[PDB]
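What follows is the content of work27.csv (CSV, C-alpha atoms and all ligand atoms).
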chain,number,residue,atom,x,y,z
A,1,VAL,CA,8.4,54.7,-156.2
A,2,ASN,CA,11.2,57.2,-155.3
A,3,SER,CA,12.8,60.2,-156.9
A,4,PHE,CA,16.1,58.7,-157.9
A,5,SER,CA,16.6,59.0,-161.7
A,6,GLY,CA,19.1,57.7,-164.3
A,7,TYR,CA,20.4,54.6,-162.3
A,8,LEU,CA,21.3,51.3,-163.8
A,9,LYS,CA,19.7,48.4,-161.9
A,10,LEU,CA,22.4,45.8,-160.8
A,11,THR,CA,20.1,43.7,-158.6
A,12,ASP,CA,16.7,43.6,-156.9
A,13,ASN,CA,17.9,46.3,-154.4
A,14,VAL,CA,21.2,47.8,-155.7
A,15,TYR,CA,21.4,50.6,-158.3
A,16,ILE,CA,24.4,52.5,-159.7
A,17,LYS,CA,24.9,55.8,-161.5
A,18,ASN,CA,27.8,58.0,-162.6
A,19,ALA,CA,27.2,61.1,-160.5
A,20,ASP,CA,28.6,63.5,-157.9
A,21,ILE,CA,27.1,62.4,-154.6
A,22,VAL,CA,27.0,66.1,-153.5
A,23,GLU,CA,25.0,67.2,-156.5
A,24,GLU,CA,22.8,64.1,-156.3
A,25,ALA,CA,21.9,64.7,-152.6
A,26,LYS,CA,21.1,68.3,-153.3
A,27,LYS,CA,18.8,67.3,-156.1
A,28,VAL,CA,17.1,64.4,-154.4
A,29,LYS,CA,17.3,65.5,-150.8
A,30,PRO,CA,17.1,61.8,-149.8
A,31,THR,CA,16.1,60.6,-146.3
A,32,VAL,CA,19.7,59.2,-145.9
A,33,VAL,CA,23.0,60.1,-147.5
A,34,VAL,CA,26.0,58.0,-146.5
A,35,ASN,CA,29.3,59.6,-145.8
A,36,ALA,CA,32.6,57.8,-146.3
A,37,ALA,CA,33.7,58.8,-142.7
A,38,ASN,CA,36.7,58.1,-140.5
A,39,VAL,CA,36.5,57.2,-136.8
A,40,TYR,CA,37.3,60.9,-135.9
A,41,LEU,CA,34.6,62.3,-138.2
A,42,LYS,CA,37.4,64.6,-139.6
A,43,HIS,CA,35.9,65.3,-143.0
A,44,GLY,CA,39.0,66.6,-144.7
A,45,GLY,CA,39.0,65.0,-148.2
A,46,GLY,CA,37.4,62.5,-150.5
A,47,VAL,CA,33.6,62.1,-150.3
A,48,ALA,CA,33.6,63.3,-146.7
A,49,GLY,CA,35.5,66.5,-147.5
A,50,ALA,CA,33.2,67.3,-150.4
A,51,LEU,CA,30.0,66.6,-148.5
A,52,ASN,CA,31.2,68.8,-145.6
A,53,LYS,CA,32.1,71.7,-147.9
A,54,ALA,CA,28.6,71.6,-149.3
A,55,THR,CA,27.2,72.1,-145.8
A,56,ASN,CA,29.4,75.2,-145.3
A,57,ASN,CA,31.3,73.2,-142.5
A,58,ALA,CA,28.2,72.6,-140.5
A,59,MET,CA,28.7,68.8,-140.8
A,60,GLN,CA,32.2,69.2,-139.2
A,61,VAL,CA,30.9,71.4,-136.4
A,62,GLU,CA,28.2,68.8,-135.5
A,63,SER,CA,30.8,66.0,-135.9
A,64,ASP,CA,33.2,67.6,-133.5
A,65,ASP,CA,30.6,67.8,-130.8
A,66,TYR,CA,29.6,64.2,-131.5
A,67,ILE,CA,33.3,63.1,-131.0
A,68,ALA,CA,33.7,65.2,-127.9
A,69,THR,CA,30.7,63.5,-126.3
A,70,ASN,CA,31.1,59.9,-127.6
A,71,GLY,CA,34.7,59.4,-128.7
A,72,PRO,CA,35.7,57.9,-132.0
A,73,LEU,CA,33.7,55.4,-134.0
A,74,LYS,CA,34.9,51.9,-134.7
A,75,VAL,CA,36.2,50.8,-138.1
A,76,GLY,CA,33.2,49.1,-139.6
A,77,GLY,CA,30.8,51.2,-137.5
A,78,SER,CA,28.6,54.2,-138.0
A,79,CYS,CA,26.5,57.0,-136.5
A,80,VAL,CA,23.5,58.9,-137.6
A,81,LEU,CA,23.8,62.7,-137.7
A,82,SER,CA,22.0,65.5,-139.5
A,83,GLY,CA,21.9,65.6,-143.2
A,84,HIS,CA,22.0,69.5,-143.1
A,85,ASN,CA,21.0,71.0,-146.4
A,86,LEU,CA,21.8,67.7,-148.3
A,87,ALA,CA,19.4,65.1,-146.8
A,88,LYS,CA,17.3,64.5,-143.7
A,89,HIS,CA,20.0,62.3,-142.1
A,90,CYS,CA,23.7,61.5,-142.8
A,91,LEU,CA,24.8,58.0,-142.0
A,92,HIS,CA,28.5,58.3,-141.3
A,93,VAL,CA,30.0,54.9,-142.1
A,94,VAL,CA,33.7,53.9,-141.5
A,95,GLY,CA,35.0,51.5,-144.1
A,96,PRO,CA,38.6,50.3,-143.6
A,97,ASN,CA,41.3,52.6,-145.1
A,98,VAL,CA,43.8,50.3,-146.8
A,99,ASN,CA,46.3,53.2,-146.8
A,100,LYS,CA,46.3,52.9,-143.0
A,101,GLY,CA,46.6,49.1,-143.0
A,102,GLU,CA,43.1,48.5,-141.8
A,103,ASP,CA,41.6,45.0,-142.3
A,104,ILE,CA,39.5,44.8,-145.5
A,105,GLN,CA,37.3,42.1,-144.0
A,106,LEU,CA,35.7,45.0,-142.0
A,107,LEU,CA,34.2,46.2,-145.3
A,108,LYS,CA,31.3,43.8,-144.9
A,109,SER,CA,30.6,45.0,-141.3
A,110,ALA,CA,30.6,48.6,-142.7
A,111,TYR,CA,28.0,47.8,-145.3
A,112,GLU,CA,25.8,46.1,-142.7
A,113,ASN,CA,25.0,49.5,-141.3
A,114,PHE,CA,23.1,50.3,-144.5
A,115,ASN,CA,20.5,47.6,-143.5
A,116,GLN,CA,19.2,49.8,-140.7
A,117,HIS,CA,17.7,52.2,-143.4
A,118,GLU,CA,15.1,51.4,-146.0
A,119,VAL,CA,16.6,53.6,-148.7
A,120,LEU,CA,20.0,55.3,-149.0
A,121,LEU,CA,22.1,57.3,-151.4
A,122,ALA,CA,25.7,56.2,-150.9
A,123,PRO,CA,29.2,56.0,-152.3
A,124,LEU,CA,31.3,52.8,-152.6
A,125,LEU,CA,32.8,52.2,-149.2
A,126,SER,CA,36.6,52.1,-148.9
A,127,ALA,CA,36.9,53.3,-152.5
A,128,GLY,CA,38.8,56.4,-153.5
A,129,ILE,CA,41.3,57.6,-150.9
A,130,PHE,CA,40.5,54.7,-148.6
A,131,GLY,CA,42.6,52.5,-151.0
A,132,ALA,CA,40.3,49.5,-151.6
A,133,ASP,CA,39.4,48.1,-155.0
A,134,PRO,CA,36.0,49.6,-156.0
A,135,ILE,CA,35.1,46.5,-157.9
A,136,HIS,CA,35.5,44.5,-154.7
A,137,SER,CA,33.6,47.1,-152.7
A,138,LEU,CA,30.6,46.8,-155.2
A,139,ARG,CA,30.6,43.0,-154.8
A,140,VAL,CA,30.5,43.3,-151.0
A,141,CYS,CA,27.7,45.9,-151.2
A,142,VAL,CA,25.6,43.7,-153.4
A,143,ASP,CA,26.2,40.7,-151.2
A,144,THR,CA,25.6,42.5,-147.9
A,145,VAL,CA,23.0,45.3,-148.3
A,146,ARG,CA,19.4,44.1,-148.5
A,147,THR,CA,17.8,47.6,-148.3
A,148,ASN,CA,17.5,49.8,-151.4
A,149,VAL,CA,20.8,51.5,-152.1
A,150,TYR,CA,21.5,54.1,-154.8
A,151,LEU,CA,25.2,54.2,-155.5
A,152,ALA,CA,26.9,57.3,-156.9
A,153,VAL,CA,30.3,56.8,-158.6
A,154,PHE,CA,31.9,60.2,-159.3
A,155,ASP,CA,34.5,58.9,-161.8
A,156,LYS,CA,33.0,58.1,-165.2
A,157,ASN,CA,35.8,55.8,-166.2
A,158,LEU,CA,35.5,53.9,-163.0
A,159,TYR,CA,31.7,53.7,-163.4
A,160,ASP,CA,32.0,52.0,-166.8
A,161,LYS,CA,34.4,49.4,-165.5
A,162,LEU,CA,32.1,48.6,-162.5
A,163,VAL,CA,29.1,48.0,-164.8
A,164,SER,CA,31.0,46.1,-167.5
A,165,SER,CA,32.7,43.9,-165.0
A,166,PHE,CA,29.7,43.3,-162.8
A,167,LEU,CA,28.7,39.6,-162.4
B,201,LIG,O1,34.1,55.5,-153.4
B,201,LIG,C1,33.9,56.9,-153.3
B,201,LIG,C2,34.5,57.6,-154.5
B,201,LIG,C3,36.0,57.3,-154.6
B,201,LIG,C4,36.7,57.7,-155.9
B,201,LIG,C5,37.0,59.0,-156.2
B,201,LIG,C6,37.6,59.3,-157.4
B,201,LIG,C7,38.1,58.3,-158.3
B,201,LIG,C8,37.8,57.0,-157.9
B,201,LIG,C9,37.2,56.7,-156.8
B,201,LIG,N1,34.4,59.1,-154.3
B,201,LIG,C10,33.2,59.8,-154.6
B,201,LIG,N2,32.1,59.1,-155.0
B,201,LIG,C11,31.0,59.8,-155.2
B,201,LIG,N3,30.8,61.1,-155.1
B,201,LIG,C12,31.9,61.8,-154.7
B,201,LIG,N4,32.1,63.1,-154.5
B,201,LIG,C13,33.4,63.4,-154.1
B,201,LIG,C14,34.1,62.2,-154.0
B,201,LIG,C15,33.1,61.2,-154.4
B,202,CL,CL,37.4,59.6,-152.5
Once you've parsed the file, please lay out its structure as structure tokens.
Amino acid sequence: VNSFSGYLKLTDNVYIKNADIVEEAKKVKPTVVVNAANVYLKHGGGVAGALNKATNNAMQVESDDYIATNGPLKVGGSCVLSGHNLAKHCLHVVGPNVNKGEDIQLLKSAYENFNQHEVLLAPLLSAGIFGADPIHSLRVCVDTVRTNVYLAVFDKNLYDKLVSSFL
């Protein structure tokens, strides 16, 4: 039993809810919140920009030190950093950004990072400003993640289409 509330159960391990991931993380304080990161951990917009704003830019400061030490992430890769005031940890995961021409096949690799954590609060990878079809992203999530994932879809209209169209 966990403290996530109001989700629809898509599968044995995948749940979905119309919610602002920022407000969800603040309420639940999950062990792991997933960020829709880029390889530079530049959290300028989308989910990343909003999560960073909620940390008063502490996420960006920590991320800049991480990049200075380690260099950029790989597309499809991840790193674990602090969750600041939002969660214990933040799993920064880089899904492909179609608006950069990045290979969409890497979306499965991106979701595989979730399997290293027993329970996660997450957005749909490569959705929003990363340019992928959120319906496809949900399918890859369900077919790749085996740990317990609580998906937050900010857009209510998009949420209804994902649920109604889910096979
Ligand atoms: O896939 C991630 C989606 C992308 C999206 C945004 C808008 C319309 C359609 C798709 N973004 C978010 N999901 C959950 N919480 C969020 N907080 C801020 C952004 C955000
Ligand atoms: Cl977005």
**Item:** At most 7 Å from ligand LIG 201 (chain B) (all atoms listed in the file): residue list as JSON, numbers by chain
**Value:** {"A": [19, 20, 21, 22, 46, 47, 50, 123, 124, 125, 126, 127, 128, 129, 134, 152, 153, 154, 155, 158]}
**Request:** Kindly provide, as a list in words, the polymer residues lying within 8 Å of (33.0, 57.5, -144.5), counting all atoms listed in the file and using the coordinates exactly as they appear in the file.
**Result:** residues 34, 35, 36, 37, 38, 47, 48, 92, 93, 94, 95, 125 and 126 of chain A
**Request:** With a distance cut-off of 12 Å and only C-alpha atoms, select the neighbouring residues of residue A:64, excluding the residue or stretch itself and same-chain residues fewer than 6 positions from it, and output the selection as number ranges by chain.
**Result:** A: 39-43, 57-58, 70-72, 81
**Non-local contacts of residue A:3 (10 Å; all atoms listed in the file; under 2 positions in same chain excluded) as a PyMOL selection string** = chain A and resi 1+5+27-30
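Residues lying within 12 Å of residue A:9, counting all atoms listed in the file and ignoring same-chain neighbours fewer than 3 positions away, are residues 4, 5, 6, 12, 13, 14, 15, 16, 17, 142, 148, 149, 150, 151, 163 and 166 of chain A.
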**Message:** Would you compute the distance between atom CA of residue A:118 and atom CA of residue A:31? Give it in Å to one decimal.
**Reply:**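 The value is 9.3 Å.
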**Asked** Which residue gives the smallest distance to residue A:112 among A:86, A:51, A:73, A:145, with all atoms listed in the file counted?
**Response**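 Among the listed residues, A:145 lies closest to residue A:112.
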**Asked** Mind pulling up the distance from atom CA of residue A:56 to atom CA of residue A:74?
**Response**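 So the two atoms, atom CA of residue A:74 and atom CA of residue A:56, lie 26.2 Å apart.
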**Message:** So the first atom is atom CA of residue A:11 and the second is atom CA of residue A:105; what is the distance between them in Å, to one decimal place?
**Reply:** 22.6 Å
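Between ligand CL 202 (chain B) and the residues A:18, A:63, A:97, A:116, the shortest atom-to-atom distance, using only C-alpha atoms and all ligand atoms, involves A:97.
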